[PDB]
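Just the one chain here, laid out as structure tokens, in the form deposited in one PDB entry.
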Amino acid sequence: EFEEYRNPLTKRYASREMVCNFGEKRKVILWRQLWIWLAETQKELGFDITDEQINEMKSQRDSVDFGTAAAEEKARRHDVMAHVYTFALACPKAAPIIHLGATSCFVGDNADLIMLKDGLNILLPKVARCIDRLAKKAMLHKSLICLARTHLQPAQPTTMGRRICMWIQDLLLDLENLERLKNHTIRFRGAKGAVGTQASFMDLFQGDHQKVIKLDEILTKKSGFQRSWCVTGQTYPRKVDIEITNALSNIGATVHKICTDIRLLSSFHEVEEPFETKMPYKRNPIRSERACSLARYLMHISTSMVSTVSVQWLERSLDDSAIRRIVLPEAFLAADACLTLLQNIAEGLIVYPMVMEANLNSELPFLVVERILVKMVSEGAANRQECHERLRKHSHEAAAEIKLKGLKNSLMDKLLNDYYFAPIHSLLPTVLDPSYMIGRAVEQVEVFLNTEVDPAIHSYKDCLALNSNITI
């Protein structure tokens, strides 16, 4: 168990249920469930399949002899057919009617779509929880004033909750894309035959178009889908796999930016990721870096799907089978692992207001030179061009004292001792109040959380209790 390379997604990062969502046992159970639905539908459509045969497949659907299946696959060189005969050996009564009229893609593609849809159902509450936990921090810190940063340089002040709403906005689009995949984009393949023309099922029903349509119509309903593709080749359109990985890779870009921002702010000592207390105020963003690492892998996992779809030859070419075994589950496992890390970091995100105030104060004298300029022109009868060049000379020499000599910012005292800036000497004691410079930061948080966030996660307000633990 330790001598072989263990993929870290399955063993170290992704959740238990997502790993089991793509296990081989889960897959063959779906294969056997589809053969059951096929026989149930064929029987109720006029075909002679006794319910004694159907209940025999039902009785031993969950007991798969993988020892026989592996031996069958080595001798038949066909994985689906190996499990056809394995299920047939376990079901002697129902053996002649198993997989009747269908091809291996009937169980292959339809069970994939079931696993892919169930994978989204696993991811969706975790995206919603990430939104919920960040939305509570954004509301909690909607007035916590801090320095905004452009080019990683100090910019005009904002609030920490206002910055968090910037992160949530991206998560709102990922949730929207994932819901669209599950509710609209992903359809059922159904029973289309070898090349999508349903010729085999047309033979079985003696050329009755209506029964063949209803067979496909019923199977789509039994498997939990709303509609099926109508003009497939042998498979469902592989462009669907692009849509899935694109949406999942899109989550990776969001998680990577959020956690890079958290890593950046951690170096300014303004925030810190949570951690197991098993030092508390002097450590590294270990979890945010891991999320960035896993998000970057997820970010690029889509590059091999697009080129795979572009070389699907005509009705079907098998050079998509192996790569889909890898990319699709690992894309879900990485997305699951990133959202697990993101919710944990969002839940226990620590902030340090006094450092935010200290960093804000040391840069504020430079950030107010323009509203001081407006004050001199509007209230001091100062010439715009003349007051600007003088403020520049004072700012230029004060900025030199900061970087060249390592001194503290004394720009405000430079203007105080300057006769020219007499009209603003009275406002200088309180000109560095960060509370009147944040514009509508607080109000934007309120409207955004109330109007855009709350309705977007409304249907998940019953799945938001589960906290995200990081044991490793």
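In this text, the rigid core denotes the largest set of C-alpha atoms whose superposition between the two forms falls within 1.5 Å. Only residues modelled in both forms are compared. Numbering starts at 1 and follows the sequence shown.
If you look for the form deposited in another entry, you will not find it shown, but the lines that follow are about it.
Where among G224, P353, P96, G380 does the Cα move by 2 Å or more between this form and the one not shown after the core is superposed?
After core superposition, the single residue displaced by 2 Å or more is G380.
Take the rigid core as the frame of reference and indicate whether the C-alpha of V368 shifts by 2 Å or more between this form and the one not shown.
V368 C-alpha, core-superposed: shift of less than 2 Å.
Large Cα move at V447 between this form and the one not shown, threshold 2 Å, rigid core:
Comparing forms between this form and the one not shown, the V447 CA shifts below 2 Å.
Does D433 move appreciably between this form and the one not shown, meaning a CA displacement of 2 Å or more on the superposed rigid core?
Result for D433: yes, a 2 Å-plus shift.
Between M354 and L432, do the C-alpha atoms lie closer or farther in the other entry than in the shown form, with a difference of 3 angstroms or more?
Compared with the shown chain, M354-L432 is farther in the other entry.
Comparing against this form, do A358 and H396 have their CA atoms pulled together or pushed apart in the other entry? The difference is 3 Å or more.
Nearer in the other entry, by 3 Å or more.
Core fitted, what stretches of 3+ consecutive residues have C-alphas moving by 2 Å or more between this form and the one not shown?
Three-plus residue run displaced between this form and the one not shown: 377 to 433, uniquely.
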